[PDB]
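Reading through the C-alpha cells given below for one structure.
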Amino acid sequence: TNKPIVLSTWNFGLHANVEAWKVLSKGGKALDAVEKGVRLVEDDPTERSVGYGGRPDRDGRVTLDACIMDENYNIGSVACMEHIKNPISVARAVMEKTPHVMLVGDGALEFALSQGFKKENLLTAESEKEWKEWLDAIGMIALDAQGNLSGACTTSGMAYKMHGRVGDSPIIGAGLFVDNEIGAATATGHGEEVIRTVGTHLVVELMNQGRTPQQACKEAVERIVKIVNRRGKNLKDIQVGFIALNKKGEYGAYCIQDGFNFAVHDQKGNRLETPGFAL
C-alpha cells in the first residue's frame, strides 16, 4: 500500500494538498486532512469557484454546496447555503451532530449559526462587479496512515446559475463517493452530467468489480460518452472527469476532454498530473 496519499482536483489542488499533508504526514485521520485541505480554497477569495471568492447566482447570491464522507459510511451535506464561508465544516457538523445527512437553503444556515459558524458576506467587490457586468468544484480524496479513506467536495456552483440550483458537489455518489473497503472517487465537470450518471458511485462500484482506479475512471467516462451521444449531445459541450483512489493507494483519473489537471501528494512529494481522455 502506498499511504498516506491525497489527490485533489485542478491546480489549486497542489496548495490544498500541502495543508492536507500537514495532517496526513503526522498520521492524522483522512477526515481531518480532507476538511483542512479544501477549507484552504474556501477561505481564499481569489479562489472564485469555492466558498469566499465565489461567483454568485444570477440574483447576485453566493450560495455554496458541499459534502463530506468518512471511512465508516458517515456522510454530511449542505446545499445552497448562504453567508457561511466554510460549507465543508457545516456539512461535517450535519454528519456528526444531526440524525440527518443533508440540509439545504435557510435550514442549513440556521443549523450553521446554531453550531457557532459566523455569518459573513461572501460576495467580494470583484464578484459583485463581474455579476452586475454580466447582467468548478474542488474535490479531494485521501488515504491516511491507518489505511482509511475520506473525501470532501466543495463549490460555489455554476456562475450565474438560477437561484436555488444544486449541482453534483453536495450529492453522494455524484460529486463524491467513498467506501473504505474499496476506494474513493471525486468528480470534476458539468454538475448536471455527473448527477445524471451518478458518476463517482459508478467509479467505485467498478473498482469493487475488480477494476484499477484508472480503468474505473476511464470506463465510467466512456459510459458517460455513450449516454451524451444517445442524448444526441455534442461531446465538446460536456466535461466530466474523475480522480480515484483505492485501498492500496493506487490512484487514477480520466476525463471526456483534455485540459484538466489534478494534484497527487504522497511520500514522493506533491505534483500535478494530467489524466487520460476520450475526445
Side-chain angles (χ1 to χ4, degrees), residues 6 8-9 16 19-20 22-24 26 28-45 47 49-54 57 61-123 137-142 144 146 148-157 164-180 184 186-187 191 200-201:
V6 219
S8 58
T9 64
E19 298 315 303
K22 287 174 173 176
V23 174
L24 301 174
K26 301 290 169 58
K29 290 148 91 193
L31 191 56
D32 294 312
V34 295
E35 168 188 33
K36 209 289 201 68
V38 296
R39 267 189 153 249
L40 178 82
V41 181
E42 292 175 338
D43 287 332
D44 196 347
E47 223 61 70
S49 66
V50 184
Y52 185 22
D57 60 35
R61 307 193 166 220
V62 175
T63 75
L64 313 187
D65 309 330
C67 71
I68 195 176
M69 177 158 205
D70 78 359
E71 78 294 340
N72 200 30
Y73 307 97
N74 303 117
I75 49 160
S77 160
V78 288
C80 190
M81 182 185 59
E82 260 190 280
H83 316 289
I84 301 310
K85 176 173 76 217
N86 298 291
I88 197 65
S89 311
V90 185
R92 181 166 181 169
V94 169
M95 183 171 72
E96 300 177 329
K97 305 303 191 94
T98 85
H100 295 327
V101 124
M102 178 176 208
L103 294 183
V104 301
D106 309 331
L109 171 60
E110 296 153 34
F111 168 76
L113 294 172
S114 91
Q115 293 315 300
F117 290 79
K118 294 309 287 163
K119 189 175 198 298
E120 296 186 46
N121 182 0
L122 315 176
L123 222 206
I138 182 176
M140 175 179 285
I141 50 184
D144 63 25
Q146 286 150 97
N148 288 333
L149 289 161
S150 295
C153 188
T154 179
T155 191
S156 36
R165 173 277 183 177
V166 175
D168 64 300
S169 319
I171 296 164
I172 301 298
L176 174 76
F177 193 68
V178 174
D179 182 317
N180 205 50
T186 11
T200 241
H201 183 68

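Residues take their numbers from the sequence shown, with the count starting at 1. Computation of the quantities below employed the complete heavy-atom set of this structure, encompassing side-chain atoms and omitting hydrogens, waters and symmetry-equivalent molecules.
Partners of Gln115 under the side-chain hydrogen bond (donor to acceptor under 3.5 Å, both in side chains) rule, at least two apart in sequence or in another chain, do not exist in this structure. Scored by the side chain to side chain contact (heavy atoms under 4.5 Å, CB included) test, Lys85 finds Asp43, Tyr52, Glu120, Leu122 as partners (sequence neighbours excluded).
The two residues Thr186 and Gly175 make their nearest non-hydrogen contact at CG2-O, 3.0 Å. Minimum interatomic distance between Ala30 and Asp144 (heavy atoms only, all atoms of both residues): N-OD2, 2.9 Å. Between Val62 and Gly51 the shortest heavy-atom distance is CG1-O, 4.1 Å. Here the shortest heavy-atom pairing between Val38 and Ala152 reads CG2-CB, 3.9 Å.
Taking 4.5 Å as the limit, some side-chain heavy atom of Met140 sits within range of a side-chain heavy atom of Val6. Between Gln146 and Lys29, the closest side-chain pair of non-hydrogen atoms falls below 4.5 Å. Taking 4.5 Å as the limit, some side-chain heavy atom of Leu31 sits within range of a side-chain heavy atom of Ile68. Counting heavy atoms from C-beta outward, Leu176 and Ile75 have side chains that stay 4.5 Å or more apart.
For the atom pair CG of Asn72 and CG of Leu149, the computed distance is 12.0 Å after rounding to the nearest 0.5 Å. Note that the CG atom of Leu64 and the CG atom of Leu109 stand 10.5 Å from one another [nearest 0.5 Å]. A distance of 10.0 Å separates NE2 of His100 from CZ of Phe111, quoted to the nearest 0.5 Å. One distance of note links CD of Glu71 with CG of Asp179; it measures 11.5 Å at 0.5 Å rounding. Note that CD1 of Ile84 is 10.0 Å distant from CD of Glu82, once rounded to the nearest 0.5 Å. For the atom pair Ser156 OG and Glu47 CD, the distance stands at 10.0 Å (nearest 0.5 Å).
Taking a cutoff of 4.0 Å between a charged side-chain nitrogen and a carboxylate oxygen, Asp32 and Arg92 qualify as a salt bridge. A salt bridge links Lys22 to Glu19: one of the charged nitrogens lies within less than 4.0 Å of a carboxylate oxygen.
Proximity of a side-chain donor or acceptor of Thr154 to a complementary backbone N or O of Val50 within less than 3.5 Å is not detected. Side-chain atoms of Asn86 do not come within 3.5 Å of backbone N or O of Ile88 as any donor-acceptor pair. With hydrogens and angles disregarded, a donor-acceptor distance shorter than 3.5 Å links the side chain of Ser77 to the backbone of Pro170.
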* To do: Give the C-alpha distance, both sets of side-chain angles, the deciding distance and a yes or no for side-chain contact (heavy atoms from CB on, under 4.5 Å) between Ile172 and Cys67.
  => CA-CA 7 Å; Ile172 301 298; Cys67 71; 3.8 Å; yes

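Donor-acceptor pairing under 3.5 Å is lacking for the side chains of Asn180 and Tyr73.
Few gaps surround CZ on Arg165; more than 12 heavy atoms of other groups in view lie less than 6.0 Å from it.
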